[PDB]
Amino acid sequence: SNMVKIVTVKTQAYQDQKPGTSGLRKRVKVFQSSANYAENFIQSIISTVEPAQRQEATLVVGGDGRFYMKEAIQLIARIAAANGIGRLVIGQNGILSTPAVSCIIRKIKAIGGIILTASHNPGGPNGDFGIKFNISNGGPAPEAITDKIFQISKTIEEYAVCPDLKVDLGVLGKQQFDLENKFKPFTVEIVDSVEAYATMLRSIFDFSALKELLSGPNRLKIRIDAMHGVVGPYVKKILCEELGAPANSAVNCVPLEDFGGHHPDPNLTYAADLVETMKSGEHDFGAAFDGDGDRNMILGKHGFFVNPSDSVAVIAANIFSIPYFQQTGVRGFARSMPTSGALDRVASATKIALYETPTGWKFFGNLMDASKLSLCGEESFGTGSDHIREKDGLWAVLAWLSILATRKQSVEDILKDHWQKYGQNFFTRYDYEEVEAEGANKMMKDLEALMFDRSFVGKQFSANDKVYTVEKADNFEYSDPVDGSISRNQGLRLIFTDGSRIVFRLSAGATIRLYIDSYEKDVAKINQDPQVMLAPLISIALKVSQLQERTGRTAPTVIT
């Protein structure tokens, strides 16, 4: 029945419901076996909305398809209705990519959205579940708001719910619910998962040029792997149906509740199927997306790997292949500090501002909201623009296709031309996972003390046929030019006079991340194996940090 009662449910607070920057993520089993775990958190989110503003408010709700998503969406609808939220907009079947949620929030001027995703983390009966809150600019809720949610969640003693309310998520259109002894109805609009996002992309990119690129006998041959995650229907409906790529272009493009039993995390080993496909030489372009669609990996013919640090640089160097940027102009470029310096060479050569930010969304969002940031990238497979306030993997793929269309060259030839023009930033990230915290912290503190010494700048480091001179060494700090905040201890940087860098970052077991960025201006040495070219700087990095001595690790856990 669509005439439902409002009921107050006594509850007991949990103490660990901390939203963080990417949402509250817990094992699916925790949500299911902890009474009112989800309910308490949803209520805590909604309690940050001023009662007076709820009736005219809309929340956008959707997720990445993982197990438990639809049950959580029903819970959100039952609690939102009871709390006097006037409207929910929900993707069909509950499905909305994270970029789609950001798109819709900003399009319909909603107060925010609740995204049911744990991004690249596994899903399924034994996987993870995440609940992410975005606010009215379409982006992640900032710390002041997540702090409030957490504080409310720790002392909550009841929540309001319409236990008999049920939303049909499969069916497009408005469902109205009349609440007992409430004048105004509760309205749920089920929208097509893809339409609003596709329409945005239709305005950003030249779909006529892309159709021509992707169809016919001379078509660019592409393989696009959604990794059984949320981007699946977007690939099928935009790249295949609208832009005319053959249906086999869409790989793993049916969303699955367990992401096919694998991690929806795009890199050369988690997406090893796509890589093996590309190695056959039949296809010109490959890409893979993460579970909720804000990360992307870019491959060329024969499986040529475009480092995410290079990808944002190539997009920057060819940015006016994209109609959006022809119209807005380029307001600025940004990358996270550990990302390679390739983007900087394009910004310097084209005289556009380069913002080097700590890891995290808020720094990019601030700059975008100041009209100072058009294109951003992160070495962790992140690429985006100010078209929305989340990173956007499928957008990054259509950027590449637009560039491929105007350049009329292979992905590899585009990179070779790029390196010949700007030099090459050989780049890798070493992850040392689950190291003992005491050793890793001692490693960081000792290295920081050593770098702080007056004589460390100007020191020279040699290995084989390579001499590196320290130009600067510090613990990265960022004063945000919008909110005034000062972020400290964002990473140990060893900056060398030749344009190369070593960066150390720390992030239930500590993880050391070691980023190596070797700038090579010699045309003869471009397109080499990065691991070979980076070996001198890796040796210098392990020796000055004494990482093996402090952690007992002789090798990183993961190399990217």
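When you see a residue number, it is the position in the sequence shown, counting from 1.
In terms of unmodelled positions of the deposited sequence, the chain runs continuously from residue 33 to residue 34 in this entry. Here 71-79 and 451-459 are compared by their mean Cα B-factor, and 451-459 comes out higher. Higher mean CA temperature factor between 177-185 and 141-149: 177-185, per the PDB entry. Highest C-alpha temperature factor among 434, 417, 265, 390, as the PDB entry reports it: 417. Comparing the listed residues 429, 295, 106, 302, the entry records the largest Cα B-factor for 302. Among all modelled residues in its chain, residue 509 ranks in the highest third by Cα B-factor.
Per the PDB record, residue ranking by Cα B-factor puts residue 159 in the highest third of the chain. Residue 37: CA B factor lies in the highest third for its chain, per the PDB record. Sort the chain's modelled residues by C-alpha temperature factor and residue 466 lands in the highest third, per the entry.
Among all modelled residues in its chain, residue 551 ranks in the lowest third by Cα B-factor.
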